[PDB]
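Below is one structure; the comments refer to it alone.
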Amino acid sequence: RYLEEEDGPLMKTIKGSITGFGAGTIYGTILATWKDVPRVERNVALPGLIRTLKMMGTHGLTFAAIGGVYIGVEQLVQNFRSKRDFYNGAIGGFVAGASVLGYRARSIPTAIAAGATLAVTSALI
Amino acid sequence: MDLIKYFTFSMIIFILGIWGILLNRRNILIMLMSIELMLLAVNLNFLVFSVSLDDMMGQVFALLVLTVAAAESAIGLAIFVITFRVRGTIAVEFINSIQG
Amino acid sequence: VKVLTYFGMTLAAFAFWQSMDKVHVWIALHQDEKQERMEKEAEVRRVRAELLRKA
Amino acid sequence: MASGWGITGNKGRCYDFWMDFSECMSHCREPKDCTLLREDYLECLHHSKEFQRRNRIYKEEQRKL
Amino acid sequence: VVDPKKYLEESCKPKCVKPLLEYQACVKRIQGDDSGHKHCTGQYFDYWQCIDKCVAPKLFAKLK
Amino acid sequence: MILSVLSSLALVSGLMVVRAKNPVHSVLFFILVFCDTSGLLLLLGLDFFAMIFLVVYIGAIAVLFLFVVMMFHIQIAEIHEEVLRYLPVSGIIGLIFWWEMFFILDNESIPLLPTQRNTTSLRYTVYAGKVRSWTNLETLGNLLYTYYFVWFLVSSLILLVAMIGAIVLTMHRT
């Protein structure tokens, strides 16, 4: 069922960071487009584009950090311990969630909640 | 390469309708016109395919879709008129009361 | 717009459509590599499912 | 071209292929039994394999030039 | 009785179908001699490299 | 080449429908997109549809749009917005739709590449079909009112609904 791949832990981490950046760029574009423009900005176009691109870059960065650290810690767990399970990975989701989303939200309870949610989500898979 | 060129003509009109929706969040009249551009592109698709397949069903449906497009435009502009008459303006900030 | 602006946008669009013609010829020229790659991926799946049922 | 009505007032170019495929499928309990007729109908619709073969010829001509 | 490694090497073959079919095609492409210098060593290695990476993390469990 | 000219005219005219500041100009550029479509239909040999697109889309629908838009006297402030910020989202959406749909026929309808050989000599002519040829008009009229008359009548019901709804929504009798 899974016998179509070539793997490579470093390649896995790089590709995951790249995919995370792409998804974060798409998400940032969507969020920037949903929002209205500040009233002081309705009559001038360029600052709106700058804010859209800034949102794109910031979301690409945070999503790339999550999508990289998740699999990086997943392999660095399954490499040293060298056991394949859903446990290996629950730790990666937790550390990605905690670190990145707590650096972003600046809150420790938010870090714990985000890591827990990512842990359950990666556990189901 | 004839079929691909006619097809891309119609496809560009369809994409222009989509972009016109995307680009006119303050202009609801242009949104209605973008929808009419999409409908025109679909009609073209049916006619081109009818020719390409030597089949008449694409032409029958093109005529009927014409009737539908006319009816849609008449009703759409009637609703636009009563919306404007009630509010005095067409600005999108006056048609956002229903929410949640 | 100015009339010259409409003319210039038309010229640019004409160039875009000729570029699309080149893209279509490129896609038409690579039907055989698509077919040969598809030969492999479908046959790999056959040799695969056949081997997976030998046990 | 499954309806039969041609755009110039005669039987459609691909109607006979459609009817062959349909008559085969009406009694063959397996769709794979009528695969050849089905791809005949679809070939009539789009001329995919014919044009692919002619492009092969053109490509070989360009290669030998 | 029967070698665990040999059994596992046959049971991991589905995971390595792509290197196998490329080795099989190389064998055909060199069946003519051409003065005996054509070979399929590279495709041979890729197949068995894939096979060995599949058998390694399950063989030592069947061993005491 | 001719298809490239018509495609370019339609592309510019459509951009002007979706990007003009003034909605009256937008309705006028829409008339140009319909004229170009009529030209394409003439190329396909469908002269009835080419004339009907002129009669219905331009002669009747665009007129209604023009009457309504002109009498509305829309002010440019009520509908103005800067569109530079939408270039990325338009880019992604349009690029996905482009890469996926401008090339949807390519696998199914492979283009015949033009060679440096006269392939016109292999056009086979069947004269039996040419003894009494049918126009687009009578070919369509052979089907509309007999084999497919129910859909014709349902379309009449659609038109009736349009007339009723127009009266009910807007009429203020003096």
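Residues in the structure tokens are numbered from 1 in each chain, the chains being A, B, ... in the order shown, and ligands are numbered from 1 in the order shown.
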
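Residues lying within 7 Å of range 47-54 of chain D, counting only C-alpha atoms and ignoring same-chain neighbours fewer than 6 positions away, are residues 108, 109, 110, 111 and 112 of chain F.
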
- Query: Skipping near chain neighbours, those fewer than 5 positions away, what residues fall within 12 Å of residue 60 in chain E using only C-alpha atoms, listed as a VMD selection string?
  - Reply: chain E and resid 4 to 5 8 55

With N, CA and C atoms retained, could you export that selection as a tab-separated table (two decimals), in the first residue's frame?
chain	number	residue	atom	x	y	z
E	4	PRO	N	15.64	-17.48	6.44
E	4	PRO	CA	14.78	-16.31	6.61
E	4	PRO	C	15.12	-15.25	5.56
E	5	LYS	N	16.40	-14.93	5.36
E	5	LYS	CA	16.84	-13.88	4.40
E	5	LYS	C	16.32	-14.18	2.99
E	8	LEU	N	12.58	-13.64	2.77
E	8	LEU	CA	12.29	-12.18	2.82
E	8	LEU	C	12.70	-11.52	1.50
E	55	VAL	N	14.68	-5.79	3.17
E	55	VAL	CA	14.87	-7.01	4.01
E	55	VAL	C	15.58	-6.67	5.33

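Residues from chain C found within 6 Å of chain F are residues 10, 13, 14 and 17 of chain C, counting only C-alpha atoms.
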
- Message: Please check the contacts: residues of chain F at most 8 Å away from chain B, using only C-alpha atoms, listed as a count of residues only.
- Response: 48

- Query: For chain C against chain B, which residues fall within 10 Å using only C-alpha atoms, given as a count of residues only?
  - Reply: 6

- Message: When you look at residue 50 in chain E with a cut-off of 10 Å (counting only C-alpha atoms), what residues show up, excluding the ones that are within fewer than 6 positions of it in the same chain? I need them as a VMD selection string.
- Response: (chain A and resid 6) or (chain E and resid 12 to 13 15 to 20)

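The spacing separating CA of residue 91 in chain A from CA of residue 57 in chain A amounts to 27.1 Å.
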
Can you write out as JSON lines which residues of chain C fall within 10 Å of chain E, alongside each residue's closest atom pair and its distance in Å to one decimal, counting only C-alpha atoms and ordering rows by chain and ascending residue number?
{"residue": "C:40", "atom": "CA", "partner": "E:18", "partner_atom": "CA", "distance": 8.8}
{"residue": "C:41", "atom": "CA", "partner": "E:18", "partner_atom": "CA", "distance": 9.0}
{"residue": "C:43", "atom": "CA", "partner": "E:21", "partner_atom": "CA", "distance": 9.2}
{"residue": "C:44", "atom": "CA", "partner": "E:17", "partner_atom": "CA", "distance": 6.4}
{"residue": "C:45", "atom": "CA", "partner": "E:17", "partner_atom": "CA", "distance": 8.5}
{"residue": "C:46", "atom": "CA", "partner": "E:17", "partner_atom": "CA", "distance": 9.7}
{"residue": "C:47", "atom": "CA", "partner": "E:17", "partner_atom": "CA", "distance": 7.0}
{"residue": "C:48", "atom": "CA", "partner": "E:14", "partner_atom": "CA", "distance": 5.3}
{"residue": "C:49", "atom": "CA", "partner": "E:14", "partner_atom": "CA", "distance": 7.8}
{"residue": "C:50", "atom": "CA", "partner": "E:14", "partner_atom": "CA", "distance": 8.8}
{"residue": "C:51", "atom": "CA", "partner": "E:14", "partner_atom": "CA", "distance": 5.9}
{"residue": "C:52", "atom": "CA", "partner": "E:14", "partner_atom": "CA", "distance": 6.0}
{"residue": "C:53", "atom": "CA", "partner": "E:14", "partner_atom": "CA", "distance": 9.7}
{"residue": "C:54", "atom": "CA", "partner": "E:11", "partner_atom": "CA", "distance": 9.4}
{"residue": "C:55", "atom": "CA", "partner": "E:11", "partner_atom": "CA", "distance": 7.9}

Can I get the selection written as an mmCIF file, in the first residue's frame, with N, CA, C and O atoms?
data_model
loop_
_atom_site.group_PDB
_atom_site.id
_atom_site.type_symbol
_atom_site.label_atom_id
_atom_site.label_comp_id
_atom_site.auth_asym_id
_atom_site.auth_seq_id
_atom_site.Cartn_x
_atom_site.Cartn_y
_atom_site.Cartn_z
ATOM 1 N N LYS C 40 5.185 2.295 -18.916
ATOM 2 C CA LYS C 40 5.905 1.864 -17.695
ATOM 3 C C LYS C 40 4.969 1.885 -16.479
ATOM 4 O O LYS C 40 4.700 0.806 -15.955
ATOM 5 N N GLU C 41 4.475 3.051 -16.064
ATOM 6 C CA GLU C 41 3.668 3.165 -14.811
ATOM 7 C C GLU C 41 2.492 2.173 -14.745
ATOM 8 O O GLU C 41 2.257 1.648 -13.647
ATOM 9 N N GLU C 43 2.358 -0.842 -16.421
ATOM 10 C CA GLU C 43 2.957 -2.206 -16.404
ATOM 11 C C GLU C 43 3.633 -2.442 -15.045
ATOM 12 O O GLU C 43 3.545 -3.574 -14.549
ATOM 13 N N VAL C 44 4.254 -1.415 -14.454
ATOM 14 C CA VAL C 44 4.854 -1.546 -13.097
ATOM 15 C C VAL C 44 3.724 -1.982 -12.168
ATOM 16 O O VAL C 44 3.911 -2.987 -11.484
ATOM 17 N N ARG C 45 2.567 -1.321 -12.253
ATOM 18 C CA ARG C 45 1.406 -1.665 -11.386
ATOM 19 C C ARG C 45 0.937 -3.104 -11.639
ATOM 20 O O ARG C 45 0.458 -3.723 -10.678
ATOM 21 N N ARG C 46 1.054 -3.600 -12.873
ATOM 22 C CA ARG C 46 0.668 -4.999 -13.194
ATOM 23 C C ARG C 46 1.682 -5.956 -12.566
ATOM 24 O O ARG C 46 1.273 -6.721 -11.677
ATOM 25 N N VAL C 47 2.931 -5.933 -13.045
ATOM 26 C CA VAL C 47 4.012 -6.760 -12.439
ATOM 27 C C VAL C 47 3.880 -6.689 -10.913
ATOM 28 O O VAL C 47 4.047 -7.730 -10.269
ATOM 29 N N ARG C 48 3.519 -5.523 -10.368
ATOM 30 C CA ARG C 48 3.387 -5.340 -8.895
ATOM 31 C C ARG C 48 2.231 -6.166 -8.338
ATOM 32 O O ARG C 48 2.488 -7.005 -7.465
ATOM 33 N N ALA C 49 1.001 -5.921 -8.797
ATOM 34 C CA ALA C 49 -0.162 -6.624 -8.203
ATOM 35 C C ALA C 49 -0.031 -8.138 -8.427
ATOM 36 O O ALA C 49 -0.415 -8.886 -7.517
ATOM 37 N N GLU C 50 0.519 -8.561 -9.571
ATOM 38 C CA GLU C 50 0.726 -10.005 -9.862
ATOM 39 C C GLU C 50 1.697 -10.609 -8.836
ATOM 40 O O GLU C 50 1.397 -11.700 -8.326
ATOM 41 N N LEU C 51 2.802 -9.915 -8.539
ATOM 42 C CA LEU C 51 3.814 -10.407 -7.567
ATOM 43 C C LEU C 51 3.200 -10.409 -6.174
ATOM 44 O O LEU C 51 3.486 -11.353 -5.414
ATOM 45 N N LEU C 52 2.381 -9.406 -5.855
ATOM 46 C CA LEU C 52 1.812 -9.273 -4.485
ATOM 47 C C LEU C 52 0.769 -10.365 -4.241
ATOM 48 O O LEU C 52 0.443 -10.611 -3.066
ATOM 49 N N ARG C 53 0.234 -10.963 -5.308
ATOM 50 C CA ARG C 53 -0.747 -12.071 -5.159
ATOM 51 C C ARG C 53 -0.040 -13.427 -5.258
ATOM 52 O O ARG C 53 -0.687 -14.426 -4.908
ATOM 53 N N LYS C 54 1.219 -13.476 -5.717
ATOM 54 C CA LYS C 54 1.878 -14.777 -5.710
ATOM 55 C C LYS C 54 1.913 -15.373 -4.307
ATOM 56 O O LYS C 54 1.828 -16.595 -4.141
ATOM 57 N N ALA C 55 2.028 -14.527 -3.286
ATOM 58 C CA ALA C 55 1.887 -14.967 -1.902
ATOM 59 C C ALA C 55 0.456 -14.747 -1.411
ATOM 60 O O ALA C 55 -0.479 -15.418 -1.854
#

- Message: Residues within 8 Å of residue 4 in chain D, please, as number ranges by chain. Count only C-alpha atoms; anything in the same chain fewer than 3 positions from it doesn't count.
- Response: B: 55; D: 1, 11-12, 15

May I have the residues within 10 Å of residue 64 in chain A as a PDB file with N, CA, C and O atoms, in the first residue's frame, using only C-alpha atoms and disregarding those fewer than 5 positions away in the same chain?
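Here's the written file around29.pdb:
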ATOM      1  N   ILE A  14      13.450  18.719   3.382  1.00  0.00           N
ATOM      2  CA  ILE A  14      13.509  19.834   2.440  1.00  0.00           C
ATOM      3  C   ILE A  14      12.195  19.955   1.683  1.00  0.00           C
ATOM      4  O   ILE A  14      11.594  21.035   1.616  1.00  0.00           O
ATOM      5  N   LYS A  15      11.715  18.842   1.122  1.00  0.00           N
ATOM      6  CA  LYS A  15      10.467  18.876   0.373  1.00  0.00           C
ATOM      7  C   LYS A  15       9.300  19.302   1.249  1.00  0.00           C
ATOM      8  O   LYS A  15       8.396  19.998   0.776  1.00  0.00           O
ATOM      9  N   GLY A  16       9.300  18.895   2.518  1.00  0.00           N
ATOM     10  CA  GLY A  16       8.231  19.304   3.408  1.00  0.00           C
ATOM     11  C   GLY A  16       8.257  20.789   3.705  1.00  0.00           C
ATOM     12  O   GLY A  16       7.211  21.438   3.748  1.00  0.00           O
ATOM     13  N   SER A  17       9.449  21.349   3.909  1.00  0.00           N
ATOM     14  CA  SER A  17       9.549  22.794   4.085  1.00  0.00           C
ATOM     15  C   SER A  17       9.084  23.529   2.832  1.00  0.00           C
ATOM     16  O   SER A  17       8.407  24.561   2.920  1.00  0.00           O
ATOM     17  N   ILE A  18       9.424  23.001   1.655  1.00  0.00           N
ATOM     18  CA  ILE A  18       9.043  23.653   0.403  1.00  0.00           C
ATOM     19  C   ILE A  18       7.527  23.621   0.218  1.00  0.00           C
ATOM     20  O   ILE A  18       6.898  24.631  -0.139  1.00  0.00           O
ATOM     21  N   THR A  19       6.913  22.463   0.473  1.00  0.00           N
ATOM     22  CA  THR A  19       5.459  22.352   0.403  1.00  0.00           C
ATOM     23  C   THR A  19       4.784  23.247   1.434  1.00  0.00           C
ATOM     24  O   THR A  19       3.758  23.877   1.145  1.00  0.00           O
ATOM     25  N   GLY A  20       5.339  23.308   2.646  1.00  0.00           N
ATOM     26  CA  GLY A  20       4.799  24.205   3.648  1.00  0.00           C
ATOM     27  C   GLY A  20       4.829  25.651   3.200  1.00  0.00           C
ATOM     28  O   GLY A  20       3.856  26.383   3.385  1.00  0.00           O
ATOM     29  N   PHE A  21       5.936  26.078   2.588  1.00  0.00           N
ATOM     30  CA  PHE A  21       6.010  27.450   2.088  1.00  0.00           C
ATOM     31  C   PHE A  21       4.971  27.698   1.004  1.00  0.00           C
ATOM     32  O   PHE A  21       4.338  28.759   0.979  1.00  0.00           O
ATOM     33  N   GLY A  22       4.783  26.738   0.095  1.00  0.00           N
ATOM     34  CA  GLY A  22       3.779  26.928  -0.946  1.00  0.00           C
ATOM     35  C   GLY A  22       2.372  27.061  -0.386  1.00  0.00           C
ATOM     36  O   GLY A  22       1.616  27.972  -0.754  1.00  0.00           O
ATOM     37  N   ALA A  23       2.008  26.160   0.530  1.00  0.00           N
ATOM     38  CA  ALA A  23       0.683  26.212   1.140  1.00  0.00           C
ATOM     39  C   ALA A  23       0.500  27.483   1.964  1.00  0.00           C
ATOM     40  O   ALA A  23      -0.587  28.074   1.971  1.00  0.00           O
ATOM     41  N   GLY A  24       1.546  27.915   2.670  1.00  0.00           N
ATOM     42  CA  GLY A  24       1.457  29.146   3.438  1.00  0.00           C
ATOM     43  C   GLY A  24       1.333  30.378   2.564  1.00  0.00           C
ATOM     44  O   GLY A  24       0.658  31.340   2.930  1.00  0.00           O
ATOM     45  N   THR A  25       1.984  30.369   1.400  1.00  0.00           N
ATOM     46  CA  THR A  25       1.817  31.467   0.456  1.00  0.00           C
ATOM     47  C   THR A  25       0.384  31.523  -0.064  1.00  0.00           C
ATOM     48  O   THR A  25      -0.226  32.600  -0.128  1.00  0.00           O
ATOM     49  N   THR A  58       5.019  36.074   5.299  1.00  0.00           N
ATOM     50  CA  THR A  58       4.959  35.649   6.693  1.00  0.00           C
ATOM     51  C   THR A  58       4.264  34.301   6.830  1.00  0.00           C
ATOM     52  O   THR A  58       4.739  33.418   7.563  1.00  0.00           O
ATOM     53  N   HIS A  59       3.148  34.110   6.120  1.00  0.00           N
ATOM     54  CA  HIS A  59       2.455  32.833   6.224  1.00  0.00           C
ATOM     55  C   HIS A  59       3.249  31.717   5.561  1.00  0.00           C
ATOM     56  O   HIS A  59       3.282  30.590   6.071  1.00  0.00           O
ATOM     57  N   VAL A  69       9.860  21.236  10.382  1.00  0.00           N
ATOM     58  CA  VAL A  69      10.194  20.720  11.707  1.00  0.00           C
ATOM     59  C   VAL A  69       9.403  19.453  12.005  1.00  0.00           C
ATOM     60  O   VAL A  69       9.924  18.516  12.624  1.00  0.00           O
ATOM     61  N   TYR A  70       8.139  19.403  11.577  1.00  0.00           N
ATOM     62  CA  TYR A  70       7.318  18.220  11.815  1.00  0.00           C
ATOM     63  C   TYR A  70       8.024  16.956  11.341  1.00  0.00           C
ATOM     64  O   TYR A  70       8.333  16.060  12.137  1.00  0.00           O
ATOM     65  N   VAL A 100       6.585  26.461  16.754  1.00  0.00           N
ATOM     66  CA  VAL A 100       6.271  27.494  15.770  1.00  0.00           C
ATOM     67  C   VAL A 100       5.062  28.312  16.206  1.00  0.00           C
ATOM     68  O   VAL A 100       5.098  29.547  16.199  1.00  0.00           O
TER      69      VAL A 100
END

- Which of chain E DSSP labels helix (DSSP H, G or I), written as a PyMOL selection string: chain E and resi 4-11+13-29+41-59

Hey, could you make a per-residue contact list for chain D against chain C with 9 Å as the cut-off, showing the nearest pair of atoms and its distance in Å to one decimal, counting only C-alpha atoms, sorted by chain and number, as a Markdown table?
| residue | atom | partner | partner_atom | distance |
| --- | --- | --- | --- | --- |
| D:52 | CA | C:31 | CA | 7.4 |
| D:55 | CA | C:29 | CA | 7.4 |
| D:56 | CA | C:32 | CA | 8.2 |
| D:59 | CA | C:29 | CA | 7.7 |

Could you write out the selected residues, including C-alpha atoms, as a PDB file, in the first residue's frame?
ATOM      1  CA  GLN D  52      -0.869  11.004 -33.242  1.00  0.00           C
ATOM      2  CA  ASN D  55       2.515  13.504 -36.042  1.00  0.00           C
ATOM      3  CA  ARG D  56       4.875  10.538 -35.682  1.00  0.00           C
ATOM      4  CA  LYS D  59       8.450  14.009 -36.445  1.00  0.00           C
TER       5      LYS D  59
END

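You will find CA of residue 75 in chain F at 21.6 Å from CA of residue 2 in chain C.
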